[PDB]
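Here the protein sequences line up with chains A and B, keeping their order.
Heads up: the first sequence at position 379 corresponds to 379 in the working numbering, and the numbers run straight through without jumps.
If you want the working numbering, it's the 1-based position in the second sequence plus 442.
Input: a single structure, listed below in structure tokens.
There are 2 protein chains.
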Amino acid sequence: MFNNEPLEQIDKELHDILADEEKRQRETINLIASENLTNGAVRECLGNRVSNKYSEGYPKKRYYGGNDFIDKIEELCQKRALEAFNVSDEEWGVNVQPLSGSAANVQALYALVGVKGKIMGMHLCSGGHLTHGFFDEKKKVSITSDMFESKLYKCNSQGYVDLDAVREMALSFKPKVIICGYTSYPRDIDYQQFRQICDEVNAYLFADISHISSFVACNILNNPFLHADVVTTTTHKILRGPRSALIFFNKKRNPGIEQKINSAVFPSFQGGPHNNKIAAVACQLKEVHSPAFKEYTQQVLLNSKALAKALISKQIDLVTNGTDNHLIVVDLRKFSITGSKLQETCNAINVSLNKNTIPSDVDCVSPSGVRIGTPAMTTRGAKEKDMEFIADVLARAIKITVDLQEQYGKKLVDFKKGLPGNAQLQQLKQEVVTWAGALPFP
Amino acid sequence: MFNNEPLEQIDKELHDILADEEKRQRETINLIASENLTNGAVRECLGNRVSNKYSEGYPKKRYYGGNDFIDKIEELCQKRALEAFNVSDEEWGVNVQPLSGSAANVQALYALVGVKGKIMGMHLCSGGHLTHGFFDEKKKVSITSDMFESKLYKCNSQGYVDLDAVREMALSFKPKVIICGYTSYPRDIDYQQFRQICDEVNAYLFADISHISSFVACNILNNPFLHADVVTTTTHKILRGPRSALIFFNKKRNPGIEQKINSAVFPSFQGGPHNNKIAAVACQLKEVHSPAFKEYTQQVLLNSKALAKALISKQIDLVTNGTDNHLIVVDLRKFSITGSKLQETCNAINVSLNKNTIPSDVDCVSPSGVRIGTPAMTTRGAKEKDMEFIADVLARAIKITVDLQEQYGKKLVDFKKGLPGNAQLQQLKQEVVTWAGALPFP
Ligand SMILES: Cc1ncc(COP(=O)(O)O)c(CN[C@@H](CO)C(=O)O)c1O
Ligand SMILES: Cc1ncc(COP(=O)(O)O)c(CN[C@@H](CO)C(=O)O)c1O
Ligand SMILES: [Cl-]
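Following this line, the structure appears as structure tokens:
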């Protein structure tokens, strides 16, 4: 007593928009550092009937029965996860049930410190995430600033983690957890140095490696598992999995942490796990362990280095003057334009990027930079030689943005009016669409 | 630069378990009240590339661009949701971004009352949900008892909502929100009477209709939208959508509640939405509005009443002695066996049900009932005539549980040891599999 007909027939309206979205994705240079493209195998898992199943609890400890095949899945996932992050099932556990990055951070932080607990994270404007305790003046923007009491460290005017001010704030504030690993940070992290600070104050060490997860797994960047009490990561970014998150906890360093994490997740915050997510994560983590994926992650870095260099060769300033990873932040002051405008300009030419604040930006109102990343384009088969074109396209957009601001003024509402019809952008869009459209596409 | 080969080829290990799980679902009488089976179109949407997209924010108000086809999807979903629940976009708004029911309740409750705020909900043992403020003595089990201050009302010894005790409690406690709509409640709800109580104390009316959502959409049961400030529902249960949740808010009664709900969701709790969930909800909501779905929901009710009647004709007791909805709770005292045991016995015969407490149960240790529901079986084509067989299978299972408790004792560990190899269970399992395996299966 149901409808069997394909999505096409059952709902042609939705299939219209979905087919369109697919086409935009195919015909875009996607530089959103936090984006990637899933293969059909990860998407078969997301569309699998395994999500019919209520499975509150953990393997071998379910509230409901009929959960044998689900137990095997969740365990296959936890194993594949510990293997991928080169870490022993005797020193480290994983929780695979967090529905997304933000959920996973809220949960882990609660487990460690509880309500009213004291947390420290990098400010959003300096490259930290919302769930690292972000707040405005009096307005507690993130639950992590309201549920916990939080203080935000900044980067120095060069764009690097101000480790000294982290100390000067740590002793001042006496936190129970300090978070590192970031939303927009183009360099590697000194986990060791964060460990030093954390000991001095009896604090937990939280590493959110969501953006750099692959580097950590493939031993290309610093290992946080050597110093961290908890590591969290999303699975949809450089990891190239589904939209989901993982919580890692060092038991061999921390008393009953397995308990605190696993019950923060359920039943403190979540109910039924989404088993299709768990299935999809499992499938990707297998790929993650293959050396073919290490080949991919390397290519992500080589592309990022080549893009940084080529942008610099066109006299474009980069925050920290380069990259250690997948992510670049362009400082635009030199051209007297906002990241706000440049985003709008790149939208018109099917180039996906987003505005990003720079150290000298006081407010978050009109950021002077943009964040770009290479994982999605690397997935589509772009190599170093291809980074010059992307760099050139970006430089053309920067210049156009300069011209269009000279005609229509500084206020963004006005600027946007200059975008449609512009002969140049229409020509630049087609170059993009033609090169982007014909790239490998999972 | 990716692996394109089907899940079958790329990962044979996972495909095995998934095919197994699928076979288990086909060969099971699934009586889990909160479970259903999604059609192929809902699963195509869950497996769609729309989840490659970061879409933090709301339609026309995103942080990143390239979000035009996402915006159309989220709006097509919000529309279809208001339509389905027979409510106008001028009095009521929706948020379609909560990842699951628990997140949705935590989010809605914070939006209304904030940290340290006061909430009333039905106790779990009485039929309430974890996110309705659940706690043990000193042990804040659910975040909803920790980040809020919560007090729990019970049901009377007949199994009904003790509206009088709710008053006795509302005046003593003075909460900012009272929750109704339940995990395990076999009767309709007096929303009007909850409204009256909330007025007397200046509290919000929160209705979680996750279990009965379809009934409310098809004007088959009482309408909470008439009296409630906030209505939450999951989409994976009787609604028969994906694993996701909806938050409804009465703006034409409540100030800037549109803002308060929408920002509790993002950026307080969540980050990027899971657009594939949004897409899948959109698709199911279309189906929900069809009169064919009203037919299905009616059948759910008829089947449920037929099952209750048949159980009673075989001298089996039911809490409240019947049902108004999809859900029955069997009282087992009469037989001196637990729900815990019957669950285990029903597992052995591919009959999915879960244990459930009755009004006279002191603790959660060893509940004296089971909860069953009809949505899943109705989806698989079962009609009123078919309920007799299901009732008969349950009666035979109750009897076997009685015989096995007599042979192996009362402690559950010992009892389970009696299950494997039992000639009767193997015979009864086969009867189940034969009839279950050949039922329509989306
Ligand atoms: C470092 C970090 N950690 C967590 C998250 C949350 O992921 P969700 O699945 O969206 O909850 C993010 C998200 N980052 C976005 C911006 O918010 C991005 O585009 O980088 C993150 O960066
Ligand atoms: C009434 C009600 N509200 C919320 C939830 C939470 O849904 P999740 O999607 O699991 O977060 C439930 C869940 N119900 C389970 C038992 O907890 C069920 O089998 O009934 C719910 O009932
Ligand atoms: Cl999903």
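Yeah, the Cβ is synthetic: ideal placement off N, Cα and C, and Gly gets one too.
Suppose contacts are defined by Cβ-Cβ distances below 7 Å. Is residue 818(B) in contact with residue 472(B) by that definition? yes
Check the Cβ of residue 442(A) against every Cβ in chain C and list those closer than 8 Å, keeping chain order. Here chain C cannot be found, since the structure's protein chains are A and B.
What residues in its chain sit with their C-beta under 7 Å from that of residue 860(B), if we drop five residues either side in the sequence? 846, 849, 850
Residues of chain A with a CB under 9 Å from the CB of residue 725(B): which are they? 7, 10, 11, 14
Straight-line gap, residue 309(A) to residue 442(A) (C-alpha atoms, nearest Å): 28 Å
Pop quiz: residue 560(B) and residue 616(B) are said to be a contact at Cβ under 8 Å. What is the actual Cβ separation, rounded to whole angstroms? 7 Å
What residues are listed by DSSP as bridge partners for residue 691(B)? 535(B), 672(B)
Which term fits residue 237(A), buried or exposed, when burial requires 16 or more other beta carbons within 10 angstroms of its beta carbon? buried
Considering just the uninterrupted stretch of the alpha helix (DSSP H) at residue 680(B), what are its terminal residues? Taken as a continuous stretch (DSSP letters only), residue 680(B) belongs to no alpha helix (DSSP H), as it is neither H nor E.
Rounded to the nearest angstrom, what separates residue 203(A) and residue 177(A) at their Cα positions? 5 Å
Grouping DSSP H, G and I as helix and E and B as strand, with all else coil, what is residue 208(A)? strand
Can you give me, in chain order, the residues of the region 813 to 836 of chain B that have a beta carbon less than 7 Å from any beta carbon in chain A? 820, 821, 823
With H, G and I counted as helix, E and B as strand and the rest as coil, what does DSSP make of residue 504(B)? strand
Taking C-beta pairs closer than 8 Å, name the residues in chain B that residue 55(A) reaches, listed in chain order. Under the 8 Å cutoff, chain B gives no residues; its nearest Cβ is about 11 Å from residue 55(A).
Assuming residue 683(B) contacts residue 723(B) under a Cβ cut-off of 8 Å, what Cβ separation, rounded to an integer in Å, is found between them? 5 Å
Is residue 169(A) close to chain B? Criterion is C-beta to C-beta, closer than 7 Å. no
Assuming residue 318(A) and residue 311(A) form a contact by the criterion Cβ under 8 Å, report the distance between their Cβ atoms to the nearest whole angstrom. 6 Å
Residue 873(B) to residue 815(B), Cα distance in whole Å? 20 Å
Residue 448(A) - DSSP class collapsed to helix/strand/coil: Nothing can be reported for residue 448(A), as the shown portion of chain A is limited to 1 through 442.
I want to check one thing, is the minimum distance from the CB of residue 409(A) to the heavy atoms of ligand 2 below 6 Å? no
If you draw a straight line from the alpha carbon of residue 208(A) to that of residue 638(B), how long is it in whole angstroms? 47 Å
Could you say which of 217(A), 364(A), 275(A) lies nearest to residue 685(B) if we only look at CA atoms? 275(A)
Cα separation between residue 33(A) and residue 357(A)? 15 Å
Assuming residue 437(A) is part of the alpha helix (DSSP H), what are its boundary residues? 423 to 437
For residue 601(B), which residues of its own chain have a beta-carbon under 6 Å away from its beta-carbon, when the five flanking residues on both sides are left out? 761, 762, 801
Pull up the CB-CB distance for residue 784(B) and residue 843(B), whole angstroms please, since I reckon it's below 8 Å. 5 Å
Can at least three beta-carbon pairs, one atom from the region 510 to 528 of chain B and one from the region 7 to 27 of chain A, be found at a separation below 8 Å? yes
Give the residues of chain B in contact with residue 271(A), contact being defined as C-beta atoms less than 7 Å apart. 542, 543, 544, 572
Sequence-distant residues of the same chain with beta carbon closer than 7 Å to residue 634(B), five excluded per side: 669
When you compare only the Cα positions, how much space is there between residue 550(B) and residue 833(B)? 39 Å
Taking CB distances under 7 Å as the criterion, tell me whether residue 260(A) reaches chain B. no
Any non-hydrogen atom of ligand 2 within 6 Å of residue 595(B) CB: no
Beta strand (DSSP E) containing residue 797(B): first to last residue? 796 to 798
Could you check whether the Cβ of residue 137(A) sits closer than 7 Å to any Cβ belonging to chain B? no
Exposure of residue 259(A), with buried meaning 16 or more beta-carbon neighbours within 10 Å: exposed
So residue 497(B) and residue 504(B) are in contact, right, with Cβ under 8 Å, and what is the actual spacing, rounded? 6 Å
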